[PDB]
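So this block is coords09.txt, compact mmCIF, C-alpha atoms:
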# COMPACT_ATOMS: atom_id res chain seq x y z
CA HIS O 35 110.34 93.27 29.87
CA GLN O 36 112.40 90.65 31.72
CA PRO O 37 112.68 90.14 35.51
CA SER O 38 114.29 93.12 37.17
CA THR O 39 117.90 92.89 38.26
CA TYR O 40 120.17 94.90 40.55
CA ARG O 41 123.51 96.63 39.77
CA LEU O 42 125.74 95.56 42.63
CA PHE O 43 129.37 95.84 43.50
CA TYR O 44 131.70 94.79 46.30
CA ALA O 45 133.95 97.58 47.53
CA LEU O 46 135.91 98.97 50.45
CA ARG O 47 134.44 102.16 51.86
CA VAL O 48 136.91 105.05 52.16
CA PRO O 49 136.81 106.96 55.50
CA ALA O 50 136.72 110.69 56.08
CA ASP O 51 140.40 111.04 56.89
CA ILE O 52 141.15 109.73 53.39
CA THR O 53 138.38 111.27 51.30
CA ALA O 54 139.37 114.71 52.60
CA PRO O 55 142.92 114.80 51.14
CA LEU O 56 141.64 113.19 47.95
CA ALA O 57 139.08 115.92 47.56
CA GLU O 58 141.79 118.51 48.07
CA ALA O 59 143.63 116.91 45.15
CA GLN O 60 140.46 117.29 43.09
CA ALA O 61 140.75 121.06 43.38
CA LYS O 62 143.34 120.84 40.58
CA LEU O 63 140.82 119.45 38.06
CA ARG O 64 139.92 121.68 35.13
CA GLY O 65 138.06 121.48 31.85
CA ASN O 66 135.80 118.52 31.16
CA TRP O 67 136.96 116.57 34.23
CA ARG O 68 134.07 115.70 36.56
CA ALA O 69 135.09 115.07 40.16
CA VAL O 70 133.79 112.04 42.05
CA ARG O 71 131.91 113.12 45.19
CA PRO O 72 133.56 111.99 48.45
CA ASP O 73 130.46 109.99 49.28
CA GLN O 74 130.99 108.07 46.01
CA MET O 75 134.67 107.19 46.64
CA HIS O 76 135.35 103.50 47.15
CA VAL O 77 137.80 100.71 46.21
CA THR O 78 135.84 98.35 43.93
CA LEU O 79 136.66 94.64 43.99
CA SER O 80 134.01 93.32 41.60
CA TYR O 81 131.13 94.87 39.61
CA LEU O 82 127.96 92.83 38.96
CA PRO O 83 125.76 94.66 36.43
CA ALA O 84 122.56 92.55 36.48
CA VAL O 85 122.00 90.39 39.57
CA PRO O 86 118.57 88.76 39.99
CA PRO O 87 117.32 89.79 43.44
CA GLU O 88 116.91 86.14 44.45
CA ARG O 89 120.72 85.71 44.16
CA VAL O 90 121.56 88.43 46.69
CA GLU O 91 121.52 86.01 49.63
CA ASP O 92 124.17 83.87 47.91
CA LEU O 93 126.29 86.99 47.45
CA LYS O 94 125.91 87.88 51.12
CA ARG O 95 126.97 84.38 52.14
CA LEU O 96 130.00 84.66 49.83
CA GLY O 97 130.98 87.96 51.41
CA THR O 98 130.78 86.56 54.92
CA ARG O 99 132.77 83.44 54.04
CA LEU O 100 135.62 85.28 52.34
CA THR O 101 136.03 87.87 55.11
CA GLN O 102 135.75 85.56 58.09
CA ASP O 103 139.48 84.72 58.39
CA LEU O 104 141.10 87.96 57.20
CA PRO O 105 142.11 90.71 59.65
CA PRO O 106 141.11 94.32 58.97
CA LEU O 107 143.09 95.34 55.91
CA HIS O 108 145.64 98.16 56.07
CA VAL O 109 145.15 100.13 52.86
CA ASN O 110 147.83 102.58 51.67
CA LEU O 111 147.29 105.37 49.17
CA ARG O 112 150.05 105.50 46.55
CA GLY O 113 150.34 107.58 43.35
CA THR O 114 147.84 108.83 40.76
CA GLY O 115 147.29 107.42 37.26
CA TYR O 116 144.89 107.29 34.29
CA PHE O 117 142.65 104.86 32.49
CA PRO O 118 143.08 103.90 29.74
CA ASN O 119 146.87 103.59 29.83
CA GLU O 120 147.31 105.49 26.57
CA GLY O 121 145.18 107.82 24.51
CA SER O 122 142.68 110.31 25.85
CA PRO O 123 142.36 109.51 29.54
CA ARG O 124 138.82 108.85 30.72
CA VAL O 125 139.46 108.37 34.44
CA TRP O 126 141.92 109.80 36.98
CA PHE O 127 142.49 107.61 40.03
CA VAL O 128 144.73 107.09 43.05
CA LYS O 129 146.32 103.65 43.39
CA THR O 130 145.75 101.74 46.65
CA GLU O 131 147.77 98.85 48.05
CA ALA O 132 147.02 96.47 50.90
CA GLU O 133 148.30 93.03 51.89
CA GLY O 134 145.57 90.53 50.94
CA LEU O 135 143.57 92.91 48.76
CA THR O 136 144.33 91.29 45.38
CA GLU O 137 143.80 87.85 46.87
CA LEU O 138 140.44 88.93 48.27
CA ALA O 139 139.36 90.42 44.93
CA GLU O 140 140.43 87.33 43.01
CA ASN O 141 138.68 84.94 45.44
CA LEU O 142 135.55 87.08 45.30
CA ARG O 143 135.52 87.13 41.52
CA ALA O 144 135.99 83.36 41.36
CA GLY O 145 133.24 82.87 43.94
CA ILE O 146 130.80 85.05 41.99
CA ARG O 147 131.55 83.10 38.80
CA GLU O 148 131.09 79.80 40.68
CA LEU O 149 127.60 81.03 41.66
CA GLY O 150 126.85 81.58 37.97
CA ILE O 151 126.39 85.34 38.54
CA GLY O 152 127.68 87.78 35.91
CA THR O 153 130.51 90.23 36.43
CA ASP O 154 131.83 93.06 34.28
CA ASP O 155 135.39 93.50 35.48
CA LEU O 156 138.73 94.41 33.96
CA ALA O 157 142.05 93.12 35.34
CA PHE O 158 142.12 93.98 39.03
CA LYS O 159 144.13 97.12 39.83
CA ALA O 160 143.06 98.52 43.18
CA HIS O 161 142.30 102.23 43.02
CA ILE O 162 139.96 104.99 44.06
CA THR O 163 138.57 106.89 41.09
CA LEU O 164 138.87 110.64 41.54
CA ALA O 165 137.51 112.02 38.26
CA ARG O 166 136.00 111.05 34.90
CA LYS O 167 135.84 112.81 31.60
CA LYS O 168 134.86 112.55 27.98
CA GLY O 169 136.77 114.89 25.71
CA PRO O 170 139.81 117.08 26.23
CA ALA O 171 140.97 118.64 29.47
CA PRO O 172 144.26 119.83 31.00
CA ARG O 173 146.31 116.89 32.23
CA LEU O 174 146.82 116.80 35.97
CA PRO O 175 150.31 116.77 37.45
CA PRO O 176 151.57 113.59 39.11
CA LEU O 177 150.64 113.33 42.78
CA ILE O 178 151.56 110.87 45.50
CA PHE O 179 149.97 110.30 48.89
CA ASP O 180 151.24 108.93 52.20
CA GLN O 181 147.97 108.39 54.07
CA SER O 182 146.60 104.98 55.02
CA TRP O 183 143.59 103.54 56.84
CA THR O 184 142.36 100.32 58.41
CA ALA O 185 139.37 98.80 56.61
CA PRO O 186 137.09 96.92 59.04
CA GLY O 187 135.01 95.15 56.44
CA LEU O 188 133.90 94.60 52.87
CA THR O 189 130.71 96.23 51.64
CA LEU O 190 128.14 95.00 49.12
CA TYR O 191 126.61 98.08 47.42
CA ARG O 192 123.69 98.53 45.11
CA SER O 193 123.88 101.28 42.50
CA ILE O 194 120.76 103.19 41.50
CA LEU O 195 120.56 105.77 38.69
CA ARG O 196 119.74 109.41 39.55
CA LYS O 197 119.91 112.73 37.69
CA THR O 198 122.98 113.95 39.62
CA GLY O 199 124.72 110.64 38.88
CA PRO O 200 124.56 107.21 40.47
CA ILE O 201 123.63 106.73 44.13
CA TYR O 202 125.09 103.86 46.18
CA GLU O 203 123.09 102.02 48.86
CA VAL O 204 124.68 99.62 51.34
CA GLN O 205 123.16 96.17 50.94
CA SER O 206 125.31 94.37 53.51
CA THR O 207 128.67 94.68 55.20
CA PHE O 208 131.00 91.77 55.97
CA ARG O 209 133.41 92.27 58.86
CA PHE O 210 137.03 91.09 58.66
CA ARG O 211 137.01 88.80 61.67
CA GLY O 212 140.42 87.16 61.43
CA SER O 213 143.96 88.05 62.41
CA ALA O 214 147.36 87.97 60.69
CA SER O 215 149.10 86.39 63.74
CA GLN O 216 146.66 83.54 64.50
Write the structure described by the file as C-alpha cells, please.
Amino acid sequence: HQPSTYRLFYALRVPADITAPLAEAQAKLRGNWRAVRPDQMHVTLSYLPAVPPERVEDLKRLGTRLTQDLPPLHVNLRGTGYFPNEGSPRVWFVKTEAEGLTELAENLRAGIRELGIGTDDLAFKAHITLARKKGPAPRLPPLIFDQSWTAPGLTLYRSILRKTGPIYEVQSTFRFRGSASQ
C-alpha cells in the first residue's frame, strides 16, 4: 500500500437555528431518500479526496490567508433543488447565497491547485445537502426558506468512514477577520 492520505474538505458550518428548520423540512422525505443528519449539514467549498498528511499545514496557511480580509459572511437560505439537474435525482439540497461566497470558493480552489493538491469538485453552486438517494422515491414539493445566519469562519474538516455513514472532524477553523467597510 501507498502512504496514507486524508479526505478533507473546506466548508461553512451551519448553526442550530438553521439546521432546525432544515430538519423539519426533512420530515417530508419518503421512500429511498436518506436524510442528512443535522450534525453533517455544511456548505462545502472544496473537496480534497486524498491529501498527504504533510500537506495539511499548507492547507491551514491557505485557509488563514484567504479569510484574513473578509468579514463574517451573511449566508441566506433560498429554495430547494436536485442533483443531477435531470433524470433520477440523487441529492436534494437547499441553495445558499452570500456576498463573497463564490469568490472565496474560487480563490480556495485556485489556491489548492497552486499547492499541487488534488480536488474533486463540480462547478461551484453553494448549497446544503438535505438528502441522498439511489433508486426511486416520491419527489418532494418545492420549498423556500427565509432564514439567514452570520458565518464567523471557514472550517477545514476531515472525513472518516463509519458504519452509520461518514463522520466529520474539525481540523482547523479560520476566522473571517476583515470588514466590508474598511
Residues at most 7 Å from stretch 89-102 of chain O, counting only C-alpha atoms, excluding those fewer than 2 positions away in the same chain, as a short mmCIF file (atom, residue, chain, number, x, y, z; two decimals) with C-alpha atoms, keeping the file's coordinate frame?
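File produced: selection17.cif:
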data_model
loop_
_atom_site.label_atom_id
_atom_site.label_comp_id
_atom_site.auth_asym_id
_atom_site.auth_seq_id
_atom_site.Cartn_x
_atom_site.Cartn_y
_atom_site.Cartn_z
CA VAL O 85 122.00 90.39 39.57
CA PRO O 86 118.57 88.76 39.99
CA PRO O 87 117.32 89.79 43.44
CA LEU O 104 141.10 87.96 57.20
CA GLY O 145 133.24 82.87 43.94
CA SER O 206 125.31 94.37 53.51
CA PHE O 208 131.00 91.77 55.97
CA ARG O 209 133.41 92.27 58.86
CA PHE O 210 137.03 91.09 58.66
CA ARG O 211 137.01 88.80 61.67
CA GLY O 212 140.42 87.16 61.43
#
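Of the listed residues O:36, O:172, O:127, O:50, the one whose atoms come nearest to residue O:70 is O:127, with distances taken using all atoms listed in the file.
Shortest separation to residue O:53 among O:136, O:141, O:193, O:74 occurs at residue O:74, atoms counted being all atoms listed in the file.
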Worksheet item: If I put a ball of radius 7 Å at (131.7, 95.5, 47.6) in the file's coordinates, which residues poke into it when counting only C-alpha atoms, written as a PyMOL selection string?
Response: chain O and resi 43-46+78-80+188-191
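If you look at atom CA of residue O:41 and atom CA of residue O:83, they are 4.5 Å away from each other.
The list of residues with at least one atom within 6 Å of stretch 112-115 of chain O, based on all atoms listed in the file and without residues fewer than 5 positions apart in the same chain, reads residues 126, 127, 128, 129, 130, 177, 178 and 179 of chain O.
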All residues 8 Å or closer to residue O:181, all atoms listed in the file, same chain fewer than 6 positions away omitted, as a short mmCIF file (atom, residue, chain, number, x, y, z; two decimals) with C-alpha atoms, in the frame of the given file:
data_model
loop_
_atom_site.label_atom_id
_atom_site.label_comp_id
_atom_site.auth_asym_id
_atom_site.auth_seq_id
_atom_site.Cartn_x
_atom_site.Cartn_y
_atom_site.Cartn_z
CA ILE O 52 141.15 109.73 53.39
CA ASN O 110 147.83 102.58 51.67
CA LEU O 111 147.29 105.37 49.17
#
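A straight line drawn from atom CA of residue O:134 to atom CA of residue O:157 is 16.2 Å long.
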Practice prompt. Have a look at atom CA of residue O:51 and atom CA of residue O:117 and let me know their distance in Å, one decimal.
Written response: 25.3 Å
Take every atom of stretch 97-112 of chain O listed in the file, fit an axis-aligned box around them, add 3 Å per side, and give the centre and edge lengths in Å to one decimal as JSON.
{"center_x": 140.4, "center_y": 94.5, "center_z": 53.1, "size_x": 25.3, "size_y": 28.1, "size_z": 19.1}
Worksheet entry | Near-residue O:165 list (12 Å; all atoms listed in the file; drop same-chain fewer than 5 positions) as an NGL selection string | :O and (56-57 or 59-72 or 74-75 or 114-117 or 123-128 or 171 or 173-174)
Atoms kept (C-alpha atoms) for selection, written as a PDB file, in the coordinates of the input:
ATOM      1  CA  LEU O  56     141.640 113.190  47.950  1.00  0.00           C
ATOM      2  CA  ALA O  57     139.080 115.920  47.560  1.00  0.00           C
ATOM      3  CA  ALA O  59     143.630 116.910  45.150  1.00  0.00           C
ATOM      4  CA  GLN O  60     140.460 117.290  43.090  1.00  0.00           C
ATOM      5  CA  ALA O  61     140.750 121.060  43.380  1.00  0.00           C
ATOM      6  CA  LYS O  62     143.340 120.840  40.580  1.00  0.00           C
ATOM      7  CA  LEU O  63     140.820 119.450  38.060  1.00  0.00           C
ATOM      8  CA  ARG O  64     139.920 121.680  35.130  1.00  0.00           C
ATOM      9  CA  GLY O  65     138.060 121.480  31.850  1.00  0.00           C
ATOM     10  CA  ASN O  66     135.800 118.520  31.160  1.00  0.00           C
ATOM     11  CA  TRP O  67     136.960 116.570  34.230  1.00  0.00           C
ATOM     12  CA  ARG O  68     134.070 115.700  36.560  1.00  0.00           C
ATOM     13  CA  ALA O  69     135.090 115.070  40.160  1.00  0.00           C
ATOM     14  CA  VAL O  70     133.790 112.040  42.050  1.00  0.00           C
ATOM     15  CA  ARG O  71     131.910 113.120  45.190  1.00  0.00           C
ATOM     16  CA  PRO O  72     133.560 111.990  48.450  1.00  0.00           C
ATOM     17  CA  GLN O  74     130.990 108.070  46.010  1.00  0.00           C
ATOM     18  CA  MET O  75     134.670 107.190  46.640  1.00  0.00           C
ATOM     19  CA  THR O 114     147.840 108.830  40.760  1.00  0.00           C
ATOM     20  CA  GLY O 115     147.290 107.420  37.260  1.00  0.00           C
ATOM     21  CA  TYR O 116     144.890 107.290  34.290  1.00  0.00           C
ATOM     22  CA  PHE O 117     142.650 104.860  32.490  1.00  0.00           C
ATOM     23  CA  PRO O 123     142.360 109.510  29.540  1.00  0.00           C
ATOM     24  CA  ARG O 124     138.820 108.850  30.720  1.00  0.00           C
ATOM     25  CA  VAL O 125     139.460 108.370  34.440  1.00  0.00           C
ATOM     26  CA  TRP O 126     141.920 109.800  36.980  1.00  0.00           C
ATOM     27  CA  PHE O 127     142.490 107.610  40.030  1.00  0.00           C
ATOM     28  CA  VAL O 128     144.730 107.090  43.050  1.00  0.00           C
ATOM     29  CA  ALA O 171     140.970 118.640  29.470  1.00  0.00           C
ATOM     30  CA  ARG O 173     146.310 116.890  32.230  1.00  0.00           C
ATOM     31  CA  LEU O 174     146.820 116.800  35.970  1.00  0.00           C
TER      32      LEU O 174
END
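Considering all atoms listed in the file, the residue among O:199, O:186, O:152, O:175 positioned nearest to residue O:82 is O:152.
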Item to complete: May I have the residues within 10 Å of residue O:216 as a list in words, using only C-alpha atoms and disregarding those fewer than 2 positions away in the same chain?
Response: residues 103, 105, 212, 213 and 214 of chain O
Worksheet item: Nearest to residue O:48: which of O:84, O:133, O:161, O:122 is it, counting only C-alpha atoms?
Response: O:161
At the level of N, CA, C and O atoms, write stretch 141-160 of chain O to a file as a compact mmCIF listing (two decimals), in the first residue's frame, please.
# COMPACT_ATOMS: atom_id res chain seq x y z
N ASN O 141 -11.29 31.27 -5.07
CA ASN O 141 -9.92 31.54 -4.64
C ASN O 141 -9.33 30.33 -3.95
O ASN O 141 -8.15 30.01 -4.13
N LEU O 142 -10.15 29.67 -3.12
CA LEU O 142 -9.70 28.49 -2.39
C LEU O 142 -9.32 27.39 -3.36
O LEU O 142 -8.23 26.81 -3.28
N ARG O 143 -10.19 27.14 -4.33
CA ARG O 143 -9.91 26.09 -5.31
C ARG O 143 -8.64 26.39 -6.10
O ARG O 143 -7.83 25.48 -6.34
N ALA O 144 -8.46 27.65 -6.52
CA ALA O 144 -7.23 28.00 -7.21
C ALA O 144 -6.02 27.84 -6.30
O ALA O 144 -4.94 27.45 -6.76
N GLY O 145 -6.16 28.20 -5.02
CA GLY O 145 -5.03 28.08 -4.11
C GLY O 145 -4.64 26.64 -3.86
O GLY O 145 -3.45 26.32 -3.74
N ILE O 146 -5.63 25.75 -3.74
CA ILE O 146 -5.37 24.32 -3.58
C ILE O 146 -4.63 23.78 -4.80
O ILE O 146 -3.62 23.08 -4.66
N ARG O 147 -5.11 24.11 -6.00
CA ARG O 147 -4.44 23.69 -7.23
C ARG O 147 -3.02 24.25 -7.30
O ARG O 147 -2.10 23.55 -7.74
N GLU O 148 -2.81 25.49 -6.83
CA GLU O 148 -1.45 26.06 -6.90
C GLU O 148 -0.49 25.34 -5.95
O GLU O 148 0.73 25.33 -6.19
N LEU O 149 -1.01 24.74 -4.89
CA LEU O 149 -0.25 23.89 -3.99
C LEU O 149 0.01 22.52 -4.58
O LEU O 149 0.73 21.74 -3.97
N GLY O 150 -0.55 22.20 -5.74
CA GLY O 150 -0.42 20.86 -6.28
C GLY O 150 -1.13 19.80 -5.46
O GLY O 150 -0.66 18.65 -5.40
N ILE O 151 -2.25 20.15 -4.85
CA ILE O 151 -3.08 19.22 -4.07
C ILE O 151 -4.36 18.96 -4.86
O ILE O 151 -4.94 19.88 -5.44
N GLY O 152 -4.78 17.69 -4.90
CA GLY O 152 -5.92 17.31 -5.72
C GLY O 152 -7.27 17.70 -5.13
O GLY O 152 -7.50 17.64 -3.92
N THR O 153 -8.19 18.07 -6.01
CA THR O 153 -9.57 18.32 -5.64
C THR O 153 -10.48 17.38 -6.41
O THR O 153 -10.06 16.73 -7.35
N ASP O 154 -11.75 17.38 -6.03
CA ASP O 154 -12.71 16.54 -6.77
C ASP O 154 -14.05 17.26 -6.72
O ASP O 154 -15.02 16.81 -6.08
N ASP O 155 -14.08 18.41 -7.39
CA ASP O 155 -15.17 19.37 -7.33
C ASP O 155 -15.94 19.41 -8.64
O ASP O 155 -15.38 19.16 -9.71
N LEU O 156 -17.23 19.72 -8.55
CA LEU O 156 -18.01 20.13 -9.71
C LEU O 156 -18.09 21.66 -9.70
O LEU O 156 -17.58 22.31 -8.78
N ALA O 157 -18.73 22.24 -10.72
CA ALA O 157 -18.95 23.69 -10.73
C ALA O 157 -19.57 24.13 -9.42
O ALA O 157 -20.44 23.45 -8.87
N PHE O 158 -19.07 25.24 -8.87
CA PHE O 158 -19.48 25.65 -7.53
C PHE O 158 -20.91 26.16 -7.55
O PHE O 158 -21.23 27.10 -8.28
N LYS O 159 -21.76 25.55 -6.74
CA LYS O 159 -23.15 26.01 -6.56
C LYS O 159 -23.43 25.82 -5.08
O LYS O 159 -23.66 24.69 -4.64
N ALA O 160 -23.41 26.91 -4.31
CA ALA O 160 -23.44 26.79 -2.86
C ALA O 160 -24.77 26.19 -2.41
O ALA O 160 -25.84 26.64 -2.83
